[PDB]
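Trainee: Okay, handing you the structure first.
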Amino acid sequence: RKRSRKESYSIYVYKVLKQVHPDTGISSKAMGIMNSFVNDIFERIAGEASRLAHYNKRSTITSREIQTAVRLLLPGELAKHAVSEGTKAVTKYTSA
Amino acid sequence: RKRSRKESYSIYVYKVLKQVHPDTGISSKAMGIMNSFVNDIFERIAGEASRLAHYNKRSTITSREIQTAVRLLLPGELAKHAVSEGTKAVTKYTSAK
Amino acid sequence: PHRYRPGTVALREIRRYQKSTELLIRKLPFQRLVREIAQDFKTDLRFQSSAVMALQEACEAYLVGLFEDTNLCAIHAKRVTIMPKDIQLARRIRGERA
Amino acid sequence: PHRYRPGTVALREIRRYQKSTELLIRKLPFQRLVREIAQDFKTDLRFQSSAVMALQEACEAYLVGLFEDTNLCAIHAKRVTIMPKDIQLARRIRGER
Amino acid sequence: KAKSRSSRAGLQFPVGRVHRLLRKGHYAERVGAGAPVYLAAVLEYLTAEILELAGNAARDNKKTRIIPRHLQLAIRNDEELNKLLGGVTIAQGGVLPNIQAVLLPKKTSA
Amino acid sequence: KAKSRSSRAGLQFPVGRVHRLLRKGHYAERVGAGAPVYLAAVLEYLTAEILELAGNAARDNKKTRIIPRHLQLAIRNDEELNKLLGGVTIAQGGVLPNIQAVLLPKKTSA
Amino acid sequence: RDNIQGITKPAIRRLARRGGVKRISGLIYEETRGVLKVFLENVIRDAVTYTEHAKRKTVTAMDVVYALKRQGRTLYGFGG
Amino acid sequence: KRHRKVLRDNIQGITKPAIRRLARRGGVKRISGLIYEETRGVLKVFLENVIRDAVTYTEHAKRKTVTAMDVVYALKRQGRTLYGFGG
DNA sequence: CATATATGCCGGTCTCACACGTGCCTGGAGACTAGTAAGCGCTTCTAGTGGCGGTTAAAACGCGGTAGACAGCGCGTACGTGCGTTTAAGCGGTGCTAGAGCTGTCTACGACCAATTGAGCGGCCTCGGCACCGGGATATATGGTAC
DNA sequence: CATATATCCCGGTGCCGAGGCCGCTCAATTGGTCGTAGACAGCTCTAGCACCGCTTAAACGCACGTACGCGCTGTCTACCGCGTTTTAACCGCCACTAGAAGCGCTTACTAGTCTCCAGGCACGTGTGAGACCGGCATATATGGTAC
Ligand SMILES: [Cl-]
Ligand SMILES: [Cl-]
Ligand SMILES: [K+]
Ligand SMILES: [K+]
Ligand SMILES: [Mn+2]
Ligand SMILES: [Mn+2]
Ligand SMILES: [Mn+2]
Ligand SMILES: [Mn+2]
Ligand SMILES: [Mn+2]
Ligand SMILES: [Mn+2]
Ligand SMILES: [Mn+2]
Ligand SMILES: [Mn+2]
Ligand SMILES: [Mn+2]
Ligand SMILES: [Mn+2]
Ligand SMILES: [Mn+2]
Ligand SMILES: [Mn+2]
Ligand SMILES: [Mn+2]
Ligand SMILES: [Mn+2]
Ligand SMILES: [Mn+2]
Ligand SMILES: [Mn+2]
Ligand SMILES: [Mn+2]
Ligand SMILES: [Mn+2]
Ligand SMILES: [Mn+2]
Ligand SMILES: [Mn+2]
Ligand SMILES: [Mn+2]
Ligand SMILES: [Mn+2]
Ligand SMILES: [Mn+2]
């Protein structure tokens, strides 16, 4: 036939679901809401980041912009943690 | 010295102002509000155009995207007049060059 | 005979429908209205079944929201009954109406 | 001795301020409050006077907007006097919570 | 030659500048030749449409110069501009005169 | 030879996919190496934070599989996720049970 | 007779109940039909406008989603 | 090397008269006594949100001075777009 | 108190969507190269800060009284319930085919280049629009009064 | 009707901000090159549509009557208007320097290009989570009647 290919975050939602709730599953509909959710927040952070870069006459979106973005975008507590897990993964990645 | 070069739409606003109201002037603040207006609507159209391209896996913002943008973004009679004024300038440009 | 006092079933229905997530408008009457309104913008139009669902999900959500805000506006005027004027105030303050 | 009836000057004032565009909060008090609030987010901040003016413009715009919506809620309750509960419903239906 | 692409389209608004701001603007890999002409035309239209109503307001206020109040009057009294700029604050615009009926004094034989 | 940057950063979320989407998405001329790592990290966190509470909401409901309701209940009962998704509609989510006190019957025996 | 009336008194009631409304005015039902129509109009107008641009004759869920987004009523779980 | 006057209770500089004037432009005729503290409360929440965002923009730009542009971007973010200060 | 009923629950039954193992294939990840964005030095000078005193407009306070908030009443009917009746939604169905959308060829068009030049900018100079003011013409609200 | 008190509207006056001349210079225009996006047409077969006839469930209409909306009244005090006194904003000036904004040097960063290698996919399965549900248990609303 023709096959056709359409990506998603479906795998990565499951890998995270097994970390936090190892014996719990998720309907396809609910997977769609998680998928909508990820793409949305991606668009938001990327966007804010995009503007941060532009406002400062800089051609690169660095982890810095992604952070300042997250700080503007996420509410008080959610932002604190976000900035932890983000800085952590950046630090872990450069050392390896 | 000799302060850095800052662009503005204020040259074209005065031009259209003299077209429409030849004996009417405009204050600093008023011109400022007009600049913010042009920058704002530019960004709104340019963004909805950028999304239309992307939603349709196109690498190019054409006049056709600007047009659809303007349909989505301007209300009723303002869109109708805008589209026509838009289409015209394209057509006129297409033949000149 | 037996009769529930007026207000009691209404509260049961509030409890009932707040519990559930099923769509509360019948699908086909809705699907016909979507096509009807769509015709007035582009003719000879076809709808993915999913697109009609999406519209109906977003419509019911929007209206259920609006009734929440309509209810607060009614309570504000020391009433228990929602009235057109409540929907109008809600919509005016939301920015939808002028 | 001459004395206006309660509400005659209120209407007068409504007309007076709805004719005008001058800022209605005094400049220095507003600035002290901007510095006070900014200082609590970060120490040793300076402000371009325009950033204060922009902040005051935005604040009064917001508050005049909110008194309108408040007033409609007051009137909705067959009252003529705005009350905290009016502000609270306006803000709730706006989604400011 | 060197004749402004503005002129080729019969526009006051700068088609070339707009072409730059579209490319430099993080909008798409590629920008057509029509896009900036069409865009500059719509910007020029909307500019004229409000400068007409704002000039009229200025002349009604016995004034040579459009000030923000004039733009505010122009924009808020026009149904379609008011909706377009529904979420916009015009510095030094003020508000439209509007007093709800129930607040106006009773017993007026005017 | 060859191991995913996802692992280097200690992430389930695809750092590489994200780097692509940042470049492909016309957000800026160039995208730093940390940007996709940092972003993927935040995305994974929020995914966890929602799934954590949504997983809970399922147990409370005596179900092993998360349905949309569990995600709604999770998001609308957490103060900070509810602000983040204030403007969002979760299909087949319903609403939090919440009758206004004035609507409840008389009951004055306390 | 019209399709809008297909949105019945009892349907609107159910919607209100999920909204937490105990008592409903007789005039509400027509008012709600007016509000619902303006909602669908504004949304569908944009959805179709997206369809038109894709040179399609079928309105997709992706059209409605991008449409609902534009109007600030972002929907999750139909391809956001 | 110079003492800056410690800033305290400046929300009370948003006086009763000024709040009343604001209500007047809003076509409010009669005002409860409880409105002026309620209002100060709301103003303060508003100003904190814009200034949080404004200062975030400044900190990112590695500046110590808050600019009119910073306020304008902050305001745009919050959905309260402002003409007449650039952008 | 007792009686009526809606809802909740159990344990069993079934079914179909989930969550798994299996290709298979494309979209990335290890090098690798090569030019630019931006970091970081140094300099200029803009405009942000803080302080003082003369003037006076705005703020604050207390007084007095009115008109609006509120609560209690009572009247009328617009509702909510529940019933018996009608209608059409939902469904499982068997076609039927527009068109979504995939692949493969071929311009047309848009980016990139990198010398050439006038559009647009920052200065600078300067009047004419308008801010501000006081004099006089109304316009209205309030209150004196005659009927 | 009479009068007191705001507001409007007028020219007159003086300041300074709009707007117009200038000369310098970037970013936009030319015109030639080259890579590929997308236009166009064919083909496939996904999934949208539509006529059918049951079977209920949900809509409908009706009729009862009750709790609630709504208009009236009367109380009372909170909020308005105003005169006096208090206060601190505003203005216009200082003097001081932080840091914003801009320039030149310089290099790690990233993008662009190949090659490869497994990560993510569409497929196909079979089976266990949950939908359904009969009938049984529990909670709660409702009215009777004797205090
Ligand atoms: Cl084009
Ligand atoms: Cl980075
Ligand atoms: K400075
Ligand atoms: K199809
Ligand atoms: Mn402090
Ligand atoms: Mn007992
Ligand atoms: Mn008992
Ligand atoms: Mn069970
Ligand atoms: Mn299995
Ligand atoms: Mn540079
Ligand atoms: Mn002093
Ligand atoms: Mn008293
Ligand atoms: Mn009382
Ligand atoms: Mn040129
Ligand atoms: Mn020139
Ligand atoms: Mn003059
Ligand atoms: Mn005067
Ligand atoms: Mn009188
Ligand atoms: Mn008489
Ligand atoms: Mn004059
Ligand atoms: Mn192609
Ligand atoms: Mn009856
Ligand atoms: Mn009545
Ligand atoms: Mn320094
Ligand atoms: Mn799969
Ligand atoms: Mn059952
Ligand atoms: Mn009882």
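These residue numbers are counts, starting from 1, taken along the chain as shown.
Structure method, as recorded: X-ray crystallography, 2.8 Å.
Placement of Cβ uses the backbone N, Cα and C atoms for every residue, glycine included.
Pulled these features from Swiss-Prot for this protein:
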type	residues	note
CROSSLNK	E:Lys1	ubiquitin cross-link
CROSSLNK	E:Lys3	ubiquitin cross-link
MOD_RES	E:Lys24	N6-acetyllysine
CROSSLNK	E:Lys107	ubiquitin cross-link
MOD_RES	E:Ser109	phosphoserine
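For each feature listed, report its degree of burial, its nearest neighbours and the pertinent distances within the displayed model.
Mentor: Under the DSSP three-state reduction, E:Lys1 (ubiquitin cross-link) is assigned to coil, being neither helix nor strand.
Counting only same-chain residues six or more apart in sequence, none has a Cβ lying under 8 angstroms from the Cβ of E:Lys3 (ubiquitin cross-link).
Reduced to three states, the DSSP call for E:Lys24 (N6-acetyllysine) is coil. A C-beta separation below 8 Å, combined with a sequence spacing of at least six in one chain, links E:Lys24 (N6-acetyllysine) to none of the other residues.
Within 10 Å of the C-beta of E:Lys107 (ubiquitin cross-link) we count 4 further C-beta atoms, all protein chains included.
Cβ neighbour count for E:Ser109 (phosphoserine): 3 (other Cβ atoms within 10 Å of its Cβ, all protein chains included). According to its DSSP assignment, E:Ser109 (phosphoserine) is coil.
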Trainee: Between the Cα atoms of E:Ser109 (phosphoserine) and E:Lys1 (ubiquitin cross-link), find the distance and write it as a whole number of Å.
Mentor: 73
Trainee: How many other Cβ atoms sit within 10 Å of the Cβ of E:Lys1 (ubiquitin cross-link)?
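Mentor: I get 2 for this one.
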